[PDB]
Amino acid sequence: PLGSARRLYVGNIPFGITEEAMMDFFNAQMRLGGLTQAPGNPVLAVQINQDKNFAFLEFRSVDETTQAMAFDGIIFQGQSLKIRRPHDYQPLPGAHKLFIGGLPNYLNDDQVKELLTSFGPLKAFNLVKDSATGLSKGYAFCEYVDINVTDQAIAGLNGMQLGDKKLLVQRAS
């Protein structure tokens, strides 16, 4: 889901390694240093790309993921491991969450949602309605799966024209 902060890239892995082995190594490693923040294994899963010698580590919690960053250079089967953040990682989470204002009220979820998907699929979206009436308040929020579309979308939507309202689109912040 929102766990780009729950995964880690592992380069230079030894040849032959299995996902299980890697999994053990890091769980064992996390223990020796007391990097663990609870009983049980911090690493849920490991996916290996045998051809390009790399893999990803799936952690159960954020902090324990940040903690594993300290294993960069660590030795596994006589080879120095390379540890890095995934590329999707956002140190400042939600920084690309958009705000869509000036939405004519007659427009509904799917309508406004469609207006947005023009630039691509969303990972999140919600149109604010009045808890009482159930009607729309004229503003929404979304976040694009591909984070680099936020600027494309703003470019095409900010200032657009719908009915009599002037759409305001920017980062929610």
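A residue's number is simply how far along the shown sequence it sits, counting from 1.
Of the two segments, 44-52 and 128-136, the one listed with the higher mean B-factor is 128-136 (C-alpha atoms only). In this crystal structure, the stretch out of 117-125 and 56-64 whose C-alpha atoms carry the higher mean B factor is 117-125. If you compare the C-alpha temperature factors of 30, 70, 147, 142 in the entry, 147 comes out highest. Sorting 83, 103, 75, 95 by the CA temperature factor given in the entry leaves 103 at the top. In the PDB entry, a CA B factor belonging to the middle third of its chain's modelled residues is recorded for residue 20.
Looking at the C-alpha B-factors along this chain, the one for residue 172 belongs to the lowest third. Residue-level temperature factors show residue 11 in the lowest third of its chain, judged at the C-alpha atom. Annotation for residue 153: CA B-factor lies in the middle third of the chain's modelled residues.
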